[PDB]
Structures are given as structure tokens and as C-alpha cells.
Amino acid sequence: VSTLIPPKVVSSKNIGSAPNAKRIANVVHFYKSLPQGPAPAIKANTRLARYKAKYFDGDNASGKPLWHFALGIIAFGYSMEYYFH
Amino acid sequence: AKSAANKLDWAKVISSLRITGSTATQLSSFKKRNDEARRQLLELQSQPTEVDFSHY
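As they're listed, the protein sequences go chains A and B.
Heads up, the first sequence is in full-length UniProt numbering, so the first residue is 7 and it goes up one at a time.
Heads up, the second sequence is in full-length UniProt numbering, so the first residue is 4 and it goes up one at a time.
Laid out in C-alpha cells, this is it:
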């Protein structure tokens, strides 16, 4: 009966659809992400932290300090042998 | 001069591909083509709307 008008009804359409929820998720997801590996805190020491940073990161990740811990029990219990028997 | 309007109309058709299910905008183009075709045949069909007092 007249010139009907759905070319411009986008302004209040852009809430209900599914990429709108993904869009408002990931524009929030992107800003607080640190850019290029920044603030990783690669240097730390608390009298036991260099042990962790040298041994217990994902780079080395070897169980040989447990060996040393086992050696520590060889340092401990055998000396407890010297304290008991 | 209506050819530019209909050029814009087919530009809006190939952009109305983005909105499939236009209920009456394409029907508005239908009605304007309908009565435009009606008026052009009406003016081409029209005589000098008179009785010829000299001959007839």
C-alpha cells in the first residue's frame, strides 16, 4: 500500500542474534590479554624460588630433583641410621 | 529521467539480496512499475482528445 521499510531496522536488531553474544564476549576477551608475553615475571627469588625456576618449570620439567629429594632422604634417613643404629 | 530511478531500484534489488523476505518494498516497486506501465500506455493511447470540427 506504500513503500515498506526494512533496510534500516538494524539499530535495534543487533541484540538478539547469536554473533552479537559472541561479539560482546570476545571484545571483552581481547583487551586485557597481555600482548607479547609481557609481565611473565621471569626473575623471582624467595630462598626456594630459584630451585623452582631452574627445575620445576615446563621447560626442564625433569623429576631428577625428586632424585635429589630421594638423595635428601638418603641424606636424612641414613643419617638417622647414624642416630639410631 | 526515470531510468536513473530504476537503475537505483536494481541496485537496491542486488542489495536487497542482503534482506530476503521484503514483504512490500518489492511490491512497492511492483506497484510503481504497474501504474507507470499504465500511464505510459494511457498517454500513448491518448489522441488529441477532441472531435475534429473541420473533417469529422
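Using N, Cα and C, we set each Cβ at its ideal position, and we do this for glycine too.
Cross-chain neighbours of residue i in chain A, by beta carbon under 8 Å
| i | result |
| --- | --- |
| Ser31(B) | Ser8, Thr9, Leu10 |
| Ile22(B) | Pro12, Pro13 |
| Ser25(B) | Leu10, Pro12 |
Whole-number beta carbon distance between residue j and residue i, since they are thought to touch under 8 Å
| i | j | result |
| --- | --- | --- |
| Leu10(A) | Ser31(B) | 6 Å |
| residue 111(A) | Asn20(A) | Nothing can be reported for residue 111(A): it is not among the residues displayed for chain A, which extend from 7 to 91. |
| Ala50(A) | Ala59(A) | 7 Å |
| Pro12(A) | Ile22(B) | 6 Å |
Under 7 Å between C-beta atoms of residue i and residue j
| i | j | result |
| --- | --- | --- |
| residue 97(A) | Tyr61(A) | Outside the displayed span of chain A (7 to 91) sits residue 97(A), for which this structure offers no information. |
| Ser25(B) | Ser18(B) | no |
beta-carbon residue i near the ligand NAP non-hydrogen atom, thresh 6 Å
| i | result |
| --- | --- |
| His91(A) | Of ligands this structure carries none, so the ligand NAP is not represented either. |
Contact set for residue i: own chain, Cβ-Cβ below 7 Å, skip 5 residues either direction
| i | result |
| --- | --- |
| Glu87(A) | none |
Interface partners of residue i on chain A, CB under 7 Å
| i | result |
| --- | --- |
| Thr52(B) | Correct list: empty, because the minimum Cβ distance to chain A is about 31 Å. |
Cutoff 8 Å; reference residue i; Cβ partners in own chain excluding five residues on either side
| i | result |
| --- | --- |
| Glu39(B) | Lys5 |
Worksheet entry | Entirely enclosed alpha helix (DSSP H) segments - the segment 39–87 of chain A, minimum 4 residues | 55–61
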